[PDB]
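Comments concern the structure below.
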Ligand SMILES: Cc1cc2nc3c(=O)[nH]c(=O)nc-3n(C[C@H](O)[C@H](O)[C@H](O)COP(=O)(O)OP(=O)(O)OC[C@H]3O[C@@H](n4cnc5c(N)ncnc54)[C@H](O)[C@@H]3O)c2cc1C
Ligand SMILES: NC(=O)c1ccc[n+]([C@@H]2O[C@H](COP(=O)([O-])OP(=O)(O)OC[C@H]3O[C@@H](n4cnc5c(N)ncnc54)[C@H](OP(=O)(O)O)[C@@H]3O)[C@@H](O)[C@H]2O)c1
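Residue numbers (PDB author numbering): 5 to 495, 504 to 536.
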């Protein structure tokens, strides 16, 4: 059968995909079809329904900003929002802009083959059908594939095995014996939510992490209205900031003030709450200066030692090393360990021997009775959802052979040898990866497509020299941080632009004004 021919294909129905379909169809009038493996929209907020799921950014900012009427209709109950609220918000956006009919849900894109003679992309699905399109927009997230630790004799357990990425909604664990492995952001959130309802909780710790409070407080009607009356100024300042989190970012060097004043600013941020506020709203050299970083790390350690009453229990949860990741927060995570029904096992000192029929025995002889075992282990990286599908550009070159070593890009949204092919939150993009960052990229992509249609452009792609130049820029910015030292969230090659959202917006604007510097344009 002959494929369906459309202007644009969109892959993924999260924040990015929803916005791209709305810009491409409703604004520019282009024919558009979108896909997602999920049975509905939501993206990461469709898949992740574990108890405790929470926004890392505050409620009034964890949403779209492009529509002024939609912002004035928003509502929320606490300073942060849960997964059910975010899912309902994205579902209502889909209905408000009549986007649902443009999507094929429950469908996977299995291949994308560029045909140079026709200057069209051939897209085929796991369910049989075939499309051809002029532009492909990839909003495929960072899901990659779930991680599962193969513990000896796993399929002996007569209980339930649950991974946080596949939580069966409505599952009731009140009154059960539960184990959790994993103490990342997801583990901390699940541990906090389960502990007041379960009969017993056993946390298998491998590497404790730094975490600050979140400060999720109730909100009144008058506060929501105050935010709504200054919405334009609020978004204008967020879009010029570096981390786009709602606070003023400090330029004050940490070791330049007295120890009393340093302790006061740390404590004021800690009482407020916020991972980003603590790392970037207190001083300006926590990520760049050794002594500044140590000061913040040991302040968090002293907070953990005050909270946890048992000193032997505090020791197992005491983090060490550079305070240098994407800043975690929590809603009473440390206090959980003072409950008498919560036990912590340090896997490095007391490793798991192998799991029995109804529990896990460890190497000192103790078997912990468990009804269910929760796996809060992670996934992989950004390139995971790109490398698992057949993507072939000019001369049929595979995306794996093109990114033979490390995922590269030009300005985070394109790559050489792959014309009319764009990435939302791809490699070499900004580390800040929230809605306002998504809006920036989807808006650049939509404008570039409009520019091509108006000026009769048949194919745009970046030059290899422009791509290499962008890689140099991301590595130079990265090598001024402490992150590089040792190995941070990286591939030996950098993986993110760390200049902040405002500097990233200035780069994108300059490229367009300079007549799309870096891109070859094939006319006619
Ligand atoms: C619990 C949690 C809390 C978070 N909180 C924050 C926060 O507050 N701030 C922040 O900045 N970030 C946060 N993040 C992450 C960030 O918001 C997301 O990375 C971002 O929303 C990505 O939006 P997206 O639309 O690009 O991708 P996603 O939401 O990940 O959606 C991508 C979609 O593409 C689909 N897809 C992928 N490959 C294919 C394929 N081959 N065929 C078909 N469909 C495909 C997937 O099914 C998926 O639904 C959080 C993440 C989690 C898990
Ligand atoms: N960008 C944002 O704003 C934002 C916000 C929220 C969430 N997120 C994303 O959410 C993810 C974090 O959630 P997550 O907790 O699922 O991932 P994670 O950060 O990778 O945590 C996985 C946890 O499981 C442990 N673990 C993994 N394999 C193990 C094994 N074989 N044996 C024992 N323990 C094992 C890890 O310990 P070790 O560390 O010792 O290996 C770690 O504690 C990341 O992808 C992050 O980017 C992002």
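Note that beta-carbon positions come from the ideal geometry of N, C-alpha and C, so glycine has one too.
Could you work out which residue in 486, 55, 490 is closest to residue 292 when comparing CA atoms only? 486
Report whether the distance from the Cβ of residue 43 to the nearest heavy atom of ligand 1 is below 7 Å. no
Measure the alpha-carbon distance for residue 96 versus residue 77 and round it to whole angstroms. 11 Å
Using 8 Å as the threshold, is the stretch 280-287 in touch with the stretch 470-487, meaning 3 or more CB pairs across them? no
Inspect the CB distances between the stretch 155-173 and the stretch 48-64 and report whether three or more fall short of 8 Å. yes
Neighbourhood of residue 177 by C-beta, 7 Å cutoff - its chain only, sequence neighbours within 5 removed: 198, 201, 202, 376
By DSSP, does residue 322 sit in helix, in strand, or in coil? coil
Helix, strand or coil, according to DSSP, for residue 407 in the structure here? coil
Just to check my reading of the structure: residue 513 and residue 248 have Cβ atoms closer than 8 Å, yes? What is that Cβ distance to the nearest angstrom? 5 Å
Using 8 Å as the threshold, is the C-beta distance between residue 65 and residue 250 below it? yes
For residue 51, the first and last residue of its enclosing beta strand (DSSP E): Unbroken run through residue 51 is the alpha helix (DSSP H), 48-51; no beta strand (DSSP E).
Backbone secondary structure at residue 19 - three-state DSSP: helix
Reduced DSSP category for residue 115 - H, G, I as helix; E, B as strand; rest coil: strand
If you draw a straight line from the alpha carbon of residue 370 to that of residue 320, how long is it in whole angstroms? 18 Å
Does the structure place the stretch 382-391 close enough to the stretch 418-435 that three or more beta carbon pairs sit under 8 Å? yes
Same chain, Cβ closer than 8 Å to residue 443, five either side skipped, listed in chain order: 23, 68, 69, 70
Exposed or buried, what is residue 213 when buried is set at 16 or more other beta-carbons lying within 10 Å of its beta-carbon? buried
Hey, could you find the ends of the beta strand (DSSP E) residue 534 is sitting in? 531-535
Compare the C-alpha of residue 130 against each of 111, 296, 536 and name the closest. 111
Hey, out of 358, 332, 149, 507, whose CA is closest to residue 190's CA? 332
Would the C-beta of residue 404 count as close to ligand 1, meaning under 7 Å from any of its heavy atoms? no
Leaving out five residues before and five after residue 488 in sequence, what residues of the same chain have Cβ atoms less than 7 Å from its Cβ? 482
Flag this pair as touching only if the stretch 455-469 and the stretch 257-271 have three or more C-beta atom pairs under 8 Å; answer yes or no. no
Whole-number beta carbon distance between residue 296 and residue 259, since they are thought to touch under 8 Å: 6 Å
Which residues in the same chain as residue 43 place their Cβ atom closer than 7 Å to its Cβ, once the five residues preceding and following it in sequence are excluded? 109, 110
Helix, strand or coil for residue 131 per DSSP? coil
Return the Cβ separation of residue 309 and residue 299 in integer angstroms, given the expectation that the two are a contact with Cβ distance under 8 Å. Their Cβ separation, rounded to whole angstroms, is 16 Å, which puts residue 309 and residue 299 out of contact at 8 Å.
Buried or exposed, going by whether 16 or more other CB atoms sit within 10 Å of the CB of residue 314? exposed
Would you say residue 47 touches ligand 1, meaning its beta carbon is less than 7 Å from a heavy atom? yes
8 Å contact criterion, which residue 304 and residue 327 should meet: CB distance rounded: 7 Å
Relative to ligand 1, is the shortest distance from any of its heavy atoms to the C-beta of residue 145 smaller than 7 Å? yes
Identify, in the order they occur along the chain, each residue of the same chain with its Cβ nearer than 6 Å to the Cβ of residue 441, setting aside the five sequence neighbours on each side. 434, 513
Unbroken stretches of the beta strand (DSSP E), 3 residues or longer, contained in the stretch 344-379: 346-350, 356-359, 363-366, 371-373, 376-379
With a threshold of 7 Å on Cβ separation, who are the neighbours of residue 145 within its own chain once the five nearest residues in sequence on each side are excluded? 16, 18, 47, 48, 389
Between the alpha carbons of residue 150 and residue 458, how many angstroms are there, rounded? 43 Å
First and last residue of the beta strand (DSSP E) that includes residue 425? 425-427
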